[PDB]
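So this first bit is one chain, no partners, the form deposited in one PDB entry, shown in structure tokens.
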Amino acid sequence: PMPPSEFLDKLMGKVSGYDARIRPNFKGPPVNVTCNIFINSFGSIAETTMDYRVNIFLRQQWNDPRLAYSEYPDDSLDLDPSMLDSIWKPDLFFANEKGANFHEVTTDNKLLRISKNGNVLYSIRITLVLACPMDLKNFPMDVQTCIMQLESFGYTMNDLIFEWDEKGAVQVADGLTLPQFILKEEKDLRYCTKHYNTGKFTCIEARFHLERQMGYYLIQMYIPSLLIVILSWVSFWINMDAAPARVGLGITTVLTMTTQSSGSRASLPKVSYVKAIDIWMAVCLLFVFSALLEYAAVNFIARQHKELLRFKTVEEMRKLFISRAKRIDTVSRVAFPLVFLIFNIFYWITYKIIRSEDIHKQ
């Protein structure tokens, strides 16, 4: 029978001794805050500035003794979010972030629900440009581990304690997909406490293990390099007397291998360690460069042939240099793709075992 306006100005009134600046149960045990997040959107992962953009529904549960009411019989009592000025919302800030803008569209995207015993549910929707450091030791295949840290500002560990939720940890939205990565099902909850000269502060963090998909990099980078190496193999069947043809074919394959290697590393930060694509493009470039060196040795042997022919064992030395120049081409035509196939299976199995070692060590 009681009207709701006096009831919802009674608990936050200045005739009441609420004092929203003062934390609950002052001069006592620390407040325990339970947090669960809901990943609404995850994406826009950029490697060159090492950050990613999430959309989260940050839900914070804490108990306030002064907010308890015994008049109304309903337990939930969902409230309007405009009177969220004097409730004592806890301070929370993300340790590694940029941006972090609120959503003010059509209303402030906020949820306030005060239970009968004093439990408060506080939900806010925020997009954060979270910055995570990434390791690029293996660029085509890798398991990145993005770190999201939630800690407090201005309340030490003896006054405010942040804890993860027990029923579930992180709720991902159904149907959420990433175009370049695959989000793993398990998520780590390791809370570490940062120490500062001012004091220690409560901090909880969650880790997402991101598997990079290998379907795009196989089409864009691995197959055109094989096309270039196969073309340099095609140069072996051409006639050895046709010098501009073989020289031009080999030179253009080396040039396009260099430009392809320079263009695949363009969308990457300037890291100072050797990656896997470096190894792949280096061995492919070495293969086309060795093909050009093989033709240069063949044409040098033919040069020695032509100088000793035109100005005495001349016939059998002509035979020896033509037979040797034919033997080099005949053994190269078999030896080049076989050693390339050996390198391919060795590289692929060692990266398969180091990828499985990364997924086993985690």
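What we label the rigid core is the largest C-alpha set whose atoms superpose within 1.5 Å from one form to the other. The first residue of the shown sequence is 1; numbering continues from there.
Keep in mind the form deposited in another entry is missing from the figure; the text below concerns it.
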Exercise. Of 247, 182, 173, 111, which one's CA moves 2 Å or more between the shown form and the other one, core aligned?
Worked result: 247
Exercise. Comparing between the shown form and the other one on the rigid core, is the C-alpha shift at residue 147 2 Å or larger?
Worked result: no
Exercise. For residue 237, is the C-alpha shift between the shown form and the other one 2 Å or more after core superposition?
Worked result: yes
